[PDB]
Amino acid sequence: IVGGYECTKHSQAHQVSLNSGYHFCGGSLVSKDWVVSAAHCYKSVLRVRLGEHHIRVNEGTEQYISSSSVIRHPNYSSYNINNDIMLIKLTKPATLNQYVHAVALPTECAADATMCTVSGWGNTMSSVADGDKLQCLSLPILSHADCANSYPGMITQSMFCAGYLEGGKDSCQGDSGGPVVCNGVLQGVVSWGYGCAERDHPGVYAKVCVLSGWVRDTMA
């Protein structure tokens, strides 16, 4: 997260870190047994770390649970990063408490201009903001018109742009798979973008409200 602010510790209780001996992607807990992330973050086996704030300091609030199954959306495409979403089933249910909680899945898409929050342990491009501590950023959903202006022929109906066209604030590498929550509902998954925080290069996110049908069916 570039140009954001350190999240209040555990305020994004749904935020999890996908680990394989190190942090490589973010994710969102949606139930005691399931985590939603980006399909391009796929790995057959993943160690899901919940209740984290500083990923390199044992805080006593963490839960480390290995995946039992990792499932990419059936229509995911590694060519255009279409339908970039996947589910991770935990080998054992996570315990919900003050530091670990699931975020609601959407049943209603959000309108353009809606203010949301994106978070992650990704690059900050700064020494002032330590990416090892969960970073937060308030950002508005951008119109498809602006998205298509910025990324000609790359934006599908399962994607949406969010951020600042003037640049300076944006999600970044390492934030991938992470959450974009709007009014307490998970509306996006950090997917891709051209560089980070660059003018006219807003972040592109998987549109969960269009992909939630698949998520719900797979969880049941």
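When you see a residue number, it is the position in the sequence shown, counting from 1.
Which wins on mean Cα temperature factor, 153-161 or 23-31?
Going by the record's values, the stretch with the higher mean is 153-161.
So among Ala110, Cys136, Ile88, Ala94, who wins on Cα B-factor in the entry?
The C-alpha B-factor peaks, among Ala110, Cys136, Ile88, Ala94, at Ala110.
Kindly indicate the residue among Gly177, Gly188, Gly168, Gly51 with the greatest C-alpha B-factor in the PDB record.
The listed residue with the largest C-alpha B-factor is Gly168.
What third of its chain, lowest, middle or highest, does the C-alpha temperature factor of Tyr76 fall into?
For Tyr76, whose C-alpha B-factor we compare with every modelled residue in the chain, the answer is the middle third.
What third of the chain, by the recorded C-alpha B-factor, contains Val45?
Within its chain, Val45 is a highest-third residue by C-alpha B-factor, going by the deposited values.
Among the modelled residues of its chain, does the C-alpha B-factor of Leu211 lie in the lowest, middle or highest third?
Middle third of the chain for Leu211's C-alpha B-factor.
Relative to the other modelled residues of the same chain, rank the CA B-factor of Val103 and answer lowest, middle or highest third.
Bottom third by C-alpha B-factor.
When the deposited Cα B-factors of this chain's modelled residues are ordered and cut into thirds, is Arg199 in the lowest, the middle or the highest one?
Within its chain, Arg199 is a middle-third residue by C-alpha B-factor, going by the deposited values.
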